[PDB]
2 protein chains.
Amino acid sequence: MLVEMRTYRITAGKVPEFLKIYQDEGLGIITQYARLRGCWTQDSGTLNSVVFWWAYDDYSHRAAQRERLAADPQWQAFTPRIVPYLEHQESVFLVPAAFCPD
Amino acid sequence: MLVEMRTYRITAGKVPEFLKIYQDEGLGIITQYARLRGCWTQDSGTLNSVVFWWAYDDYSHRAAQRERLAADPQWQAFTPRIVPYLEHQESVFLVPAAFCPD
């Protein structure tokens, strides 16, 4: 397995707005293609930050599912709604330790 | 709920050693006191980095369980074994979004 951890720094004060738009409009689309294991806001360090945990079987399943997501007309119609909130985006790849629970 | 995400930068090359010592000697102790939801190594960005996801009901349950862990003689006898591997430690607090799966 493989987790992609993606962190979005949002326009100050606008995190609740971003999360409503994401929840009402994006969640149903993207979860057709990737397994969400967690969505969080930061309570320490850099505030106004939303952390997503995406789970894939491996890099090639990830690459294939991300293409099918990119090609989705619904998804392409959705991202312009969140883009104005996105100040900064980052991504880290994680591979489980031997004792990682699944 | 509340997640504490703790990231340990390990002496270069020594991550497998650290993970064996942690697994064989520390895991059983600390999991008596906190819920581990995931343990990962970084495959991108800063390598030689171990990411732990700790789950607590809230800040006060966390504070109470961390005291009981600190007071554990087994735990106090264990940490000196990993300390020489720890180059750098960091911690971020996470609170779930409305649609965060549990």
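Here the Cβ is made from the backbone with ideal geometry for all residues, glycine too, and neighbour counts use every protein chain on show. Quick note: the coordinates plus some simple rules give every number you see, no bench work behind them.
Descriptive notes on the structure:
- Normalised per residue, the volume of the convex hull around the Cα set of the protein assembly as shown (Å³): 120
- Taking N as its residue count, the alpha carbon Rg of chain B over 2.2 N^0.38 Å: 1.11
- Charging the Cβ of each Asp and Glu at -1 and of each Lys and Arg at +1, and nothing else, the dipole of the protein assembly as shown about its Cα centre rounds to 80 debye.
- Full extension of the chain between residue B:23 and residue B:99 gives 24.1 nm of extra length, using 0.36 nm per residue less the Cα-Cα distance.
- Amide H contacts of residue B:91 (H built 1.01 Å from N, in plane; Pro and chain starts excluded): B:7 sit under 5 Å, all sequence-distant by 5 or more or on other chains.
- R0 of 25 Å, Cβ-Cβ distance residue A:35-residue B:58: FRET efficiency to nearest 0.05: 0.40
- Cα gyration tensor, segment A:46-91 - rounded (a/c under 1.5), prolate or oblate: oblate
- Take residue A:14, move 7 Å from Cα toward the beta carbon, and the resulting point lies 4.5 nm from the same point in each other copy, nearest first.
- Total formal charge among the other residues, if their Cβ is under 15 angstrom from that of residue B:43, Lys/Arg +1 and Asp/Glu -1: -1
- Sorted from closest to farthest, the other copies place their residue B:43 label points 3.1 nm away, with each point set 7 Å from Cα along Cα→Cβ.
- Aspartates and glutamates with Cα under 17 Å of residue A:14, excluding same-chain neighbours fewer than 8 positions away: A:24, A:25, A:43, A:87
- Ranked from shortest, the separations from the 7 Å Cα-to-Cβ label point of residue B:58 to its equivalents in the other copies are 4.5 nm.
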